[PDB]
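Residue numbers (UniProt numbering), protein chains in the order written: chain A, 2 to 91; chain B, 2 to 91; chain C, 2 to 91.
Heads up, the beta-carbon is just placed ideally off N, CA and C, and yes, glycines get one too.
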Amino acid sequence: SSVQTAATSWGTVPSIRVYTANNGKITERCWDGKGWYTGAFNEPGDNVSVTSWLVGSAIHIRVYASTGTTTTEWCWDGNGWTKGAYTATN
Amino acid sequence: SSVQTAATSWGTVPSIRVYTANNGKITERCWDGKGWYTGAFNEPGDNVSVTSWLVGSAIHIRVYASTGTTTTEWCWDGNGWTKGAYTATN
Amino acid sequence: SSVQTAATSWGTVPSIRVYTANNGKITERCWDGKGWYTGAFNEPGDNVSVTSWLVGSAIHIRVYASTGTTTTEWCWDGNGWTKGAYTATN
Ligand SMILES: O=S(=O)(O)c1cc2c(O)c(c1)Cc1cc(S(=O)(=O)O)cc(c1O)Cc1cc(S(=O)(=O)O)cc(c1O)Cc1cc(S(=O)(=O)O)cc(c1O)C2
Ligand SMILES: O=S(=O)(O)c1cc2c(O)c(c1)Cc1cc(S(=O)(=O)O)cc(c1O)Cc1cc(S(=O)(=O)O)cc(c1O)Cc1cc(S(=O)(=O)O)cc(c1O)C2
Ligand SMILES: O=S(=O)(O)c1cc2c(O)c(c1)Cc1cc(S(=O)(=O)O)cc(c1O)Cc1cc(S(=O)(=O)O)cc(c1O)Cc1cc(S(=O)(=O)O)cc(c1O)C2
Ligand SMILES: O=S(=O)(O)c1cc2c(O)c(c1)Cc1cc(S(=O)(=O)O)cc(c1O)Cc1cc(S(=O)(=O)O)cc(c1O)Cc1cc(S(=O)(=O)O)cc(c1O)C2
Ligand SMILES: O=S(=O)(O)c1cc2c(O)c(c1)Cc1cc(S(=O)(=O)O)cc(c1O)Cc1cc(S(=O)(=O)O)cc(c1O)Cc1cc(S(=O)(=O)O)cc(c1O)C2
Ligand SMILES: O=S(=O)(O)c1cc2c(O)c(c1)Cc1cc(S(=O)(=O)O)cc(c1O)Cc1cc(S(=O)(=O)O)cc(c1O)Cc1cc(S(=O)(=O)O)cc(c1O)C2
């Protein structure tokens with residue numbers, strides 16, 4: 002099956018995160034200037050989007066993972082991934 | 002199919018906009034720091050992408066809504082959604 | 002079937018790049034404030050995502066083009082599109 006990706010980046014440095022949806026799972030590949038590695042993010046979804054923003058030098062990431070009509074938001078705010086408040090009535 | 006999303010964010014609060022394509026309909030959910038609400042954007046499209054940029058504190062959003070080989074650009078520039086000049090020969 | 006797009010933008014003009022996956026080919030439309038034109042980017046893919054960042058006034062673009070389970074990264078750093086180091090085990 003044909004993977005679907007989403008990407009975000011930050012910093013003059015920079016850092017890149019690439020999310021791939023495949024077989025109902027979204028996984029994460031990371032670049033911080035020194036090679037690609039597998040990130041901590043591992044959550045269910047058939048579809049993925051992402052956005053991120055800096056507050057000073059602190060990154061905040063939001064990943065929108067969708068299966069069927071249900072989209073779940075995942076939040077990185079410096080200390081692990083947690084489910085966000087996002088809802089929609091799809 | 003699953004729903005398909007696209008996300009953008011700006012500032013440090015931040016503001017977030019999440020666009021969802023659901024069986025050919027695109028809708029918008031918005032966060033400005035207190036809670037999610039349904040945004041004004043509601044247009045047809047089977048696929049969606051988005052980008053945004055600030056000019057000072059003024060946000061500009063471009064949503065690319067695709068049905069078949071026709072992509073329609075939708076523009077937010079402070080005063081409602083308008084069709085943009087984007088064309089492609091798909 | 003519908004085409005699938007990805008978009009990025011930078012600066013305050015702004016510059017915008019829209020990537021469209023259509024029948025296994027990804028092409029690029031560009032805006033730099035003065036009309037849409039067809040960009041140099043032409044690579045295979047059924048799925049596309051993009052991110053970009055500025056270093057001063059120099060843009061850096063990364064396009065993730067997927068065919069089946071294989072994602073290829075393409076890099077713009079001011080001298081044409083080049084192969085990126087991205088890998089994944091999908
Ligand atoms: O990688 S290929 O593009 O050459 C390829 C295409 C198809 C294939 O069946 C395979 C490879 C073999 C294959 C690969 C994988 S995967 O490496 O994990 O992606 C999985 C499977 C498989 O037969 C099993 C499978 C899973 C799913 S899933 O429910 O989405 O996870 C769907 C399918 C599967 O065969 C159906 C399917 C979808 C697609 S599509 O490209 O997504 O439309 C192509 C092919 C398919 O068989 C047609
Ligand atoms: O993709 S690359 O081939 O360019 C690459 C090569 C090396 C790298 O260190 C990395 C990428 C970054 C990297 C990625 C990963 S991943 O998450 O699995 O993708 C993991 C690591 C890492 O540095 C951490 C790591 C783990 C282990 S383990 O304890 O055995 O699991 C060993 C190593 C690690 O760096 C050593 C290592 C092995 C290898 S090898 O492929 O096994 O020869 C290459 C490189 C190495 O630094 C040299
Ligand atoms: O839910 S299933 O995994 O069993 C499933 C997978 C595929 C299917 O084609 C169907 C079911 C049948 C089917 C279901 C629906 S739905 O009930 O509304 O979900 C819709 C369709 C369909 O053929 C028609 C359709 C719509 C769209 S959409 O307009 O973008 O929503 C896309 C597709 C459709 O076939 C393409 C498609 C996407 C996907 S994906 O998992 O979302 O990438 C899987 C399958 C697809 O045929 C492959
Ligand atoms: O690839 S997509 O994810 O966009 C997709 C969306 C839909 C789908 O039903 C399919 C794929 C499956 C599918 C694929 C193809 S193929 O790429 O050519 O193999 C063809 C069809 C189909 O259902 C048949 C078909 C053709 C056409 S037309 O040639 O443009 O007239 C229209 C439709 C078809 O089902 C109706 C249709 C339109 C649209 S759209 O919103 O108008 O783009 C989305 C989906 C549709 O099923 C919903
Ligand atoms: O060459 S020009 O000085 O006439 C020029 C200035 C600007 C422009 O937007 C363009 C040309 C159009 C243009 C062309 C191309 S090309 O097809 O490859 O020739 C590429 C771009 C572009 O905007 C994309 C682009 C590239 C780069 S760079 O590759 O890192 O040099 C920087 C920028 C781009 O938009 C940002 C930028 C900086 C500057 S600055 O004067 O350096 O601050 C002026 C203009 C800019 O668009 C403002
Ligand atoms: O245009 S083509 O797709 O036909 C093409 C094929 C090959 C080529 O060598 C090139 C183009 C030229 C070329 C382009 C670039 S780019 O500017 O970055 O796009 C880079 C290179 C290059 O030869 C250098 C290079 C990179 C790598 S990488 O490690 O995978 O990034 C591998 C090679 C390179 O020469 C060896 C190589 C691999 C492959 S393969 O497709 O990976 O099997 C094809 C060709 C190769 O020369 C054979």
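Counting only residues of its own chain and dropping the five nearest sequence neighbours on each side, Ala89 of chain A has a CB closer than 7 Å to the CB of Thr72.
When rounded, the separation of the alpha-carbon atoms in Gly25 of chain A and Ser3 of chain B is 10 Å. Around the beta carbon of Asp47 of chain B, a 10 Å sphere encloses 16 or more other beta carbons of the protein chains shown; the residue is thus reported as buried. DSSP places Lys84 of chain B in the uninterrupted beta strand (DSSP E) bounded by 82 to 84. In the structure shown, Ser2 of chain C falls within a coil segment according to DSSP collapsed to helix, strand and coil. Relative to ligand 4, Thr6 of chain A has its C-beta separated by 7 Å or more from all heavy atoms. In this structure, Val19 of chain B and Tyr65 of chain A form a Cβ contact; the two beta carbons are roughly 6 Å apart against a cut-off of 8 Å.
Rounded to the nearest whole angstrom, the C-alpha separation of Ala7 of chain C and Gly57 of chain C is 24 Å. The criterion of a C-beta distance shorter than 8 Å is satisfied by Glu44 of chain A and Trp75 of chain A. The beta-carbon of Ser67 of chain A is placed no less than 8 Å from the nearest beta-carbon of chain C.
For ligand 1, a non-hydrogen atom lies closer than 7 Å to the CB of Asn23 of chain A. Against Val4 of chain C, the close residues of chain B are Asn48, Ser67, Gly69, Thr70, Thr72, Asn91, in the order they occur along the chain (beta-carbon pairs closer than 8 Å). Of all residues in the region 5 to 25 of chain B, the ones placed with a Cβ closer than 8 Å to any Cβ belonging to chain A are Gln5, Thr6, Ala7, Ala8, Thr9, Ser10, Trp11, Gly12, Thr13, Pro15, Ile17, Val19, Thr21, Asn23, in chain order. Not a single C-beta of chain C is nearer than 8 Å to the C-beta of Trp54 of chain A.
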